[PDB]
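Enquirer: Questions regarding the structure given below will be posed in turn.
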Amino acid sequence: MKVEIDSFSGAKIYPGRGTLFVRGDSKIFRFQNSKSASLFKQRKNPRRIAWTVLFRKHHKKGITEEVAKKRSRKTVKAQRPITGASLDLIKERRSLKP
Amino acid sequence: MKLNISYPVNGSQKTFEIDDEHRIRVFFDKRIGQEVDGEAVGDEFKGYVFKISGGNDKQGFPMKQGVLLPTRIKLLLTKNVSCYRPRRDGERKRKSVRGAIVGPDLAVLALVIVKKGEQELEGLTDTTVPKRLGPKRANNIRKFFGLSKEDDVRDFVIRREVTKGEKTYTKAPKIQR
Amino acid sequence: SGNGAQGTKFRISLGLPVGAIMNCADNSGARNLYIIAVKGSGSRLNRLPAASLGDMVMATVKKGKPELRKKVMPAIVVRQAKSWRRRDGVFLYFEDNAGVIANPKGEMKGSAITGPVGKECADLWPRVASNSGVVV
Amino acid sequence: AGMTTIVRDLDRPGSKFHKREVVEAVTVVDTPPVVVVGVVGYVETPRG
Amino acid sequence: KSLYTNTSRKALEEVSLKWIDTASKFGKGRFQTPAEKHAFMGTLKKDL
RNA sequence: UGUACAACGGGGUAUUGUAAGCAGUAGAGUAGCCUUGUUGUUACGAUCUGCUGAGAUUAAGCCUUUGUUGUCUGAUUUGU
RNA sequence: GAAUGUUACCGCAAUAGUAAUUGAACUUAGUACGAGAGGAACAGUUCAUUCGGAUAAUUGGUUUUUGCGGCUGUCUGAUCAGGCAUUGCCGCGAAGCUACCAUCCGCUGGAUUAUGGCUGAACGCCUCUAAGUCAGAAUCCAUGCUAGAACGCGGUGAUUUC
RNA sequence: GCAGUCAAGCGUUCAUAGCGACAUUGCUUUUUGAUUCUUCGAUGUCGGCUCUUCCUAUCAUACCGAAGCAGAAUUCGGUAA
RNA sequence: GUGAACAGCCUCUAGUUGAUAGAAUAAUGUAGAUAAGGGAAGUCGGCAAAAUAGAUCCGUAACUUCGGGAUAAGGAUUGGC
Ligand SMILES: COC(=O)C[C@](O)(CCCC(C)(C)O)C(=O)O[C@@H]1C(OC)=C[C@]23CCCN2CCc2cc4c(cc2[C@H]13)OCO4
Ligand SMILES: [Mg+2]
Ligand SMILES: [Mg+2]
Ligand SMILES: [Mg+2]
Ligand SMILES: [Mg+2]
Ligand SMILES: [Mg+2]
Ligand SMILES: [Mg+2]
Ligand SMILES: [Mg+2]
Ligand SMILES: [Mg+2]
Ligand SMILES: [Mg+2]
Ligand SMILES: [Mg+2]
Ligand SMILES: [Mg+2]
Ligand SMILES: [Mg+2]
Ligand SMILES: [Mg+2]
Ligand SMILES: [Mg+2]
Ligand SMILES: [Mg+2]
Ligand SMILES: [Mg+2]
Ligand SMILES: [Mg+2]
Ligand SMILES: [Mg+2]
Ligand SMILES: [Mg+2]
Ligand SMILES: [Mg+2]
Ligand SMILES: [Mg+2]
Ligand SMILES: [Mg+2]
Ligand SMILES: [Mg+2]
Ligand SMILES: [Mg+2]
Ligand SMILES: [Mg+2]
Ligand SMILES: [Mg+2]
Ligand SMILES: [Mg+2]
Ligand SMILES: [Mg+2]
Ligand SMILES: [Mg+2]
Ligand SMILES: [Mg+2]
Ligand SMILES: [Mg+2]
Ligand SMILES: [Mg+2]
Ligand SMILES: [Mg+2]
Ligand SMILES: [Mg+2]
Ligand SMILES: [Mg+2]
Ligand SMILES: [Mg+2]
Ligand SMILES: [Mg+2]
Ligand SMILES: [Mg+2]
Ligand SMILES: [Mg+2]
Ligand SMILES: [Mg+2]
Ligand SMILES: [Mg+2]
Ligand SMILES: [Mg+2]
Ligand SMILES: [Mg+2]
Ligand SMILES: [Mg+2]
Ligand SMILES: [Mg+2]
Ligand SMILES: [Mg+2]
Ligand SMILES: [Mg+2]
Ligand SMILES: [Mg+2]
Ligand SMILES: [Mg+2]
Ligand SMILES: [Mg+2]
Ligand SMILES: [Mg+2]
Ligand SMILES: [Mg+2]
Ligand SMILES: [Mg+2]
Ligand SMILES: [Mg+2]
Ligand SMILES: [Mg+2]
Ligand SMILES: [Mg+2]
Ligand SMILES: [Mg+2]
Ligand SMILES: [Mg+2]
Numbered sequence: 001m002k003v004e005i006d007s008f009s010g011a012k013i014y015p016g017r018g019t020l021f022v023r024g025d026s027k028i029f030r031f032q033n034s035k036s037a038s039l040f041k042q043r044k045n046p047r048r049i050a051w052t053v054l055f056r057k058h059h060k061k062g063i064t065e066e067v068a069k070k071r072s073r074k075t076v077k078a079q080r081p082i083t084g085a086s087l088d089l090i091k092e093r094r095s096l097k098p
Numbered sequence: 001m002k003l004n005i006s007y008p009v010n011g012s013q014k015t016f017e018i019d020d021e022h023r024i025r026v027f028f029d030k031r032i033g034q035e036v037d038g039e040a041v042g043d044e045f046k047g048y049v050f051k052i053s054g055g056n057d058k059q060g061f062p063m064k065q066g067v068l069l070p071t072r073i074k075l076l077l078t079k080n081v082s083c084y085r086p087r088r089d090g091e092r093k094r095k096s097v098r099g100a101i102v103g104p105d106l107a108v109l110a111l112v113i114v115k116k117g118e119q120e121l122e123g124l125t126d127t128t129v130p131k132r133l134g135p136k137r138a139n140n141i142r143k144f145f146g147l148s149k150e151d152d153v154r155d156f157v158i159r160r161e162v163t164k165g166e167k168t169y170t171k172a173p174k175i176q177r
Numbered sequence: 002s003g004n005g006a007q008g009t010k011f012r013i014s015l016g017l018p019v020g021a022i023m024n025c026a027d028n029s030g031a032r033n034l035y036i037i038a039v040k041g042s043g044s045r046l047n048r049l050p051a052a053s054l055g056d057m058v059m060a061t062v063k064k065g066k067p068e069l070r071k072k073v074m075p076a077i078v079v080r081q082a083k084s085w086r087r088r089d090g091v092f093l094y095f096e097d098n099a100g101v102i103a104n105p106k107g108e109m110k111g112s113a114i115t116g117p118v119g120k121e122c123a124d125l126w127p128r129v130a131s132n133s134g135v136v137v
Numbered sequence: 051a052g053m054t055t056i057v058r059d060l061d062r063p064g065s066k067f068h069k070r071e072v073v074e075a076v077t078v079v080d081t082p083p084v085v086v087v088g089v090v091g092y093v094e095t096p097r098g
Numbered sequence: 340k341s342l343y344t345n346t347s348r349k350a351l352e353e354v355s356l357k358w359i360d361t362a363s364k365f366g367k368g369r370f371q372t373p374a375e376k377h378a379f380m381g382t383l384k385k386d387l
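Top line first, the protein sequences correspond to chains H, E, V, R and B. First residue of the first sequence: 1, per the authors' numbering; consecutive thereafter. First residue of the second sequence: 1, per the authors' numbering; consecutive thereafter. First residue of the third sequence: 2, per the authors' numbering; consecutive thereafter. First residue of the fourth sequence: 51, per the authors' numbering; consecutive thereafter. First residue of the fifth sequence: 340, per the authors' numbering; consecutive thereafter.
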């Protein structure tokens, strides 16, 4: 059971809900409801319609803490050496100096 | 779906099969890159952390970092880019691609371990596979051993034994620069 | 439906009543298809017979190769526009009405179908399956 | 009470929707416990 | 209770739902739960 | 005289598509005073941006409520 | 809706009405039968037509929610906010109503007809028939469903004092 | 208009599977005639639309019997509105 | 004022605010509207209804009494500042 999104507005379309338009070139547009659908037929441009995801994304609305930092990294340092070359005499000769 | 897991510390890798949407479902709506806590997928991997690196859907199309979408599309690809190998100079070819958002339509998740959980995993943490080749260019040897331009490489090059049957041999690179 | 139809079609909303003209979407020569009947349909005082996705109609060609004009042939509905509902619960519609001309056995007359095709139609007629690009 | 929608896998071997999801409509009736307050005993008569 | 024991197949089939719509019925409902709505909407001029 | 009822008020739910007000280095440009500008300055300009998915409406046959205020015996008739 | 003491609740069921219809596919089966050409059906399953009774999660239609937004013309000095244009016009539009344009549901016992039979005399034989009798139809009667006789009825509750 | 009786014929052979001459007995009252009894101090004329109900001499559908019924297809007949 | 305008629509002056009234908003109406997909299949017949429309520019067939046919047909454009 997949939830779809509105190709015009970007809203979740839970099952069996809204309508589906198969354009002549076989691009498929889904609408959560008759509102997106009429704008879409009206050749309206989602980026200019203020309440749309696509609008809000473009006008950088609300996003705030997505541009807030995080904490994802590691710290390894485990030697394997080089296959067939005695991975034992590669750490005793790896005592370094400077 | 099948999980293809790598321990990039040991060079280890082994695949795991998971049948249980619930256990899977953690991976859904997750992109390539995003991290994932372990216990949710199995008790084995508890507190293991997983990085999602890619994978192939059924029909085998590959994912492609940063398409977003959880479907397929047909991109134009070039030299120097995922999921494509040019056959000719300046060749570009249109090709189907799977999105980088994990659906249940994937055949395989590819994952990479970032933190090790509370328990060892058999063919992964337990076993360690050597790096195949060693430093060949001058100052690369000088940095795999930390040497200063004093110590002189020639005797710090790697040395891979091998046998002829009754003649065991010795062959080192060819230091450049 | 009837002959050549292997499978059963679940009821789908009727879009094309008699007199409807649909786009011809094969490469046989015909530009449109004029519906004069719908195979396997019933009777009610005053009710117009109407076709839907994957129905066999009887048609004439109104615009097209003179060889294909002035005579009646079988054709098969491949795209609808009147929205219908599927059992997975979605209401969907195409942007045009389109069929392709066929023989009673349900075999095409043309070697290709231009445009998308309904799955309910693809399922129903193999040679309509054969000649398809995008289905549904 | 009213109606809503349901989604479920259909199990009809034979059907094109065997092992597929379907969305189906449902009513809901509010059904708190009924409470028993009496018994009434009927008898058969040739009048009914 | 039913007055006959239907064998049907259609009756006998033992359903088990997968998901129950719970979206608002006072309009074109978009959200199953307030949780879901806060999730998707973000923060508003009321709120915290 | 009580998990009473009603009028408002609050919360939910929904519909529209971003209120008024103020602000701006946004604006094709335009005038006016000179101390004629190494942003000269004062304003004007459809429109745009920000405060603002805001504002407005939401039972009149939507949902809900620890708040506010009020209501809680008039009339007629009936007997084996 | 007066009157059968009053009022209330729960029921019975006389009589009357009554409803479902038709098709295809799969499978049976390239089988039976046939030299061949051809070529079925019962059981099982999946859909469908025509008809009915509902229902409104969903989709669609409707719009005075004159709800929100937009537009022309004019009128309130401007602004704000509005008025008028027989609902000014336009896009969206909740609620309700609503569509094979939408979803859901449409019961199973008996007795029979034709007809094929059993036993079996009349008529030492023979006969489904004369006596007796088995099986039997989109029929009929029930079941089921809708009314409930306002002069058909049952069970039960409480029954007035200035 | 519809249905019989007789049975010379038709049907390779064979009257009656399916038909049936010459004759001959009937039914019906959406044919058309014949009549002129009712209405001329007036009973709104054709067709269609809509809608109900009835008849059966049954086109389909249920179950049958017959065939010049191998099958398939058909034809004839019954209970059937 | 808008506009080509004594058009329509809004206003000033003046004049009216007369037309039984109250409560509801069933069926059927009268008058005003909308309707998915199809698009005259409806019907004697496109009856009704819908579509078109101003202006500027581009473009304009048969045929002709040479005057026309012609806004033929077919196109684009149009606010605000
Ligand atoms: C030849 O047609 C007429 O005569 C028509 C009419 O005029 C009917 C019109 C009557 C009104 C004026 C009342 O419409 C008339 O006189 O009708 C009579 C009449 O008029 C009431 C009744 C008649 C006689 C008995 C019933 N019948 C029916 C109508 C009618 C129709 C006719 C007819 C006679 C009748 C008569 O001849 C042919 O078709
Ligand atoms: Mg709607
Ligand atoms: Mg609409
Ligand atoms: Mg070199
Ligand atoms: Mg073509
Ligand atoms: Mg008709
Ligand atoms: Mg092919
Ligand atoms: Mg805003
Ligand atoms: Mg009301
Ligand atoms: Mg309060
Ligand atoms: Mg009060
Ligand atoms: Mg009384
Ligand atoms: Mg076969
Ligand atoms: Mg033979
Ligand atoms: Mg609606
Ligand atoms: Mg308005
Ligand atoms: Mg201002
Ligand atoms: Mg006025
Ligand atoms: Mg006027
Ligand atoms: Mg129906
Ligand atoms: Mg009985
Ligand atoms: Mg016997
Ligand atoms: Mg008998
Ligand atoms: Mg007998
Ligand atoms: Mg006898
Ligand atoms: Mg029956
Ligand atoms: Mg029963
Ligand atoms: Mg019943
Ligand atoms: Mg009574
Ligand atoms: Mg009583
Ligand atoms: Mg003779
Ligand atoms: Mg013979
Ligand atoms: Mg002879
Ligand atoms: Mg006749
Ligand atoms: Mg007379
Ligand atoms: Mg006469
Ligand atoms: Mg007369
Ligand atoms: Mg008279
Ligand atoms: Mg009369
Ligand atoms: Mg009778
Ligand atoms: Mg009869
Ligand atoms: Mg013979
Ligand atoms: Mg019989
Ligand atoms: Mg009948
Ligand atoms: Mg009768
Ligand atoms: Mg006067
Ligand atoms: Mg008057
Ligand atoms: Mg229409
Ligand atoms: Mg058209
Ligand atoms: Mg016609
Ligand atoms: Mg036409
Ligand atoms: Mg007609
Ligand atoms: Mg005419
Ligand atoms: Mg005519
Ligand atoms: Mg007209
Ligand atoms: Mg229109
Ligand atoms: Mg002429
Ligand atoms: Mg002309
Ligand atoms: Mg301009």
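Beta carbons are placed, not taken as given, at the ideal position from N, Cα and C, and that holds for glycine.
Residue range of the alpha helix (DSSP H) that residue 130 of chain E falls in?
Expert: Residue 130 of chain E -> no alpha helix (DSSP H), and no H or E assigned at all.
Enquirer: What do you reckon, are the CB atoms on residue 119 of chain V and residue 55 of chain V nearer than 8 Å?
Expert: Contact: yes.
Enquirer: Applying a beta-carbon distance threshold of less than 8 Å, which residues of chain H neighbour residue 55 of chain R?
Expert: Near residue 55 of chain R (Cβ distances below 8 Å), the residues of chain H are 15, 16 and 17.
Enquirer: Indicate the three-state DSSP secondary structure (helix, strand or coil) for residue 92 of chain V in the structure shown.
Expert: Strand at residue 92 of chain V.
Enquirer: Grab the span of the alpha helix (DSSP H) containing residue 380 of chain B for me, first residue to last.
Expert: Looking at the DSSP string, the run of the alpha helix (DSSP H) that includes residue 380 of chain B is 373-380.
Enquirer: Identify every residue that forms a DSSP beta bridge with residue 14 of chain H.
Expert: Answer by DSSP bridge pairing: none, since residue 14 of chain H is not bridged.
Enquirer: Between residue 81 of chain H and chain E, is there a C-beta pair that is closer than 8 Å?
Expert: So yes, residue 81 of chain H belongs to the interface.
Enquirer: Terminal residues of the continuous beta strand (DSSP E) containing residue 50 of chain E?
Expert: Run containing residue 50 of chain E: 49-54, per the beta strand (DSSP E) assignment.
Enquirer: Let me know if residue 67 of chain V comes out buried or exposed under the rule of 16 or more other beta-carbons within 10 Å of its beta-carbon.
Expert: Residue 67 of chain V is exposed by the Cβ-count criterion.
Enquirer: Please name the residue in V:42, V:97 and V:59 whose C-alpha comes closest to that of residue 22 of chain H.
Expert: Closest by alpha carbon: V:97.
Enquirer: Tell me the rounded alpha-carbon separation between residue 95 of chain V and residue 116 of chain V.
Expert: Near 10 Å, if we compare the C-alpha coordinates of residue 116 of chain V and residue 95 of chain V.
Enquirer: May I ask you to list the residues that DSSP assigns as paired with residue 96 of chain E?
Expert: Its beta-bridge partners are E:74.
Enquirer: DSSP three-state call for residue 87 of chain E: helix, strand or coil?
Expert: Coil at residue 87 of chain E, not helix or strand.
Enquirer: What are the boundary residues of the beta strand (DSSP E) that residue 36 of chain H is part of?
Expert: Residue 36 of chain H -> not in any beta strand (DSSP E); alpha helix (DSSP H) instead, spanning 34-41.
Enquirer: Are the C-beta of residue 355 of chain B and some C-beta of chain R separated by less than 8 Å?
Expert: Answer yes: the Cβ-Cβ gap between residue 355 of chain B and chain R drops below 8 Å somewhere.
Enquirer: Report all residues from its chain with a CB closer than 7 Å to the CB of residue 77 of chain E; omit the five preceding and five following residues, and keep chain order.
Expert: Closer than 7 Å at Cβ, skipping near neighbours: 83, 84, 92, 93 and 95.
Enquirer: Please classify residue 109 of chain V as buried or exposed, where buried requires at least 16 other C-beta atoms within 10 Å of its C-beta.
Expert: It is buried - the Cβ of residue 109 of chain V has at least 16 other Cβ atoms within 10 Å.
Enquirer: I'd like to confirm the pairing. Which residues does DSSP put opposite residue 30 of chain H in its beta bridges?
Expert: Answer is H:20, bridged to residue 30 of chain H.
Enquirer: Say whether chain R places a C-beta atom closer than 8 Å to the C-beta of residue 364 of chain B.
Expert: It does; some Cβ of chain R falls within 8 Å.
Enquirer: Tell me the DSSP secondary structure of residue 60 of chain E in three-state form.
Expert: It is helical.
Enquirer: Within the same chain, show all residues whose beta-carbon is closer than 6 Å to that of residue 3 of chain V, passing over the 5 residues directly before and after it, in chain order.
Expert: Around residue 3 of chain V: 40 and 41.
Enquirer: Is the shortest distance between the beta-carbon of residue 360 of chain B and the beta-carbons of chain H less than 8 Å?
Expert: So, interface residue.
Enquirer: Can you give me the Cβ contacts of residue 110 of chain E inside the same chain, cut-off strictly under 6 Å, excluding the 5 residues immediately before and after it?
Expert: Excluding residues within five positions, the ones whose Cβ falls inside 6 Å are 4, 53, 54 and 55.
Enquirer: Out of curiosity, what's the CA-to-CA distance linking residue 83 of chain V and residue 37 of chain H?
Expert: One C-alpha to the other measures close to 15 Å.
Enquirer: Count the other CB atoms within 10 Å of the CB of residue 6 of chain H; is the residue buried (16 or more) or exposed (fewer)?
Expert: Residue 6 of chain H comes out buried.
Enquirer: Look up residue 39 of chain E in the DSSP assignment and say whether it is helix, strand or coil.
Expert: Looking at residue 39 of chain E - three-state DSSP - the assignment turns out to be coil, as it is neither helix nor strand.
Enquirer: How is residue 96 of chain H classed by DSSP in three states: helix, strand or coil?
Expert: It is coil, neither helix nor strand.
Enquirer: Quick check on residue 80 of chain E: buried or exposed, where buried means 16 or more other Cβ atoms within 10 Å of its Cβ?
Expert: Exposed, by the Cβ-count rule.
Enquirer: With respect to the beta strand (DSSP E) encompassing residue 14 of chain E, which residues constitute its N-terminal and C-terminal limits?
Expert: 12-17 is the extent of the beta strand (DSSP E) around residue 14 of chain E.
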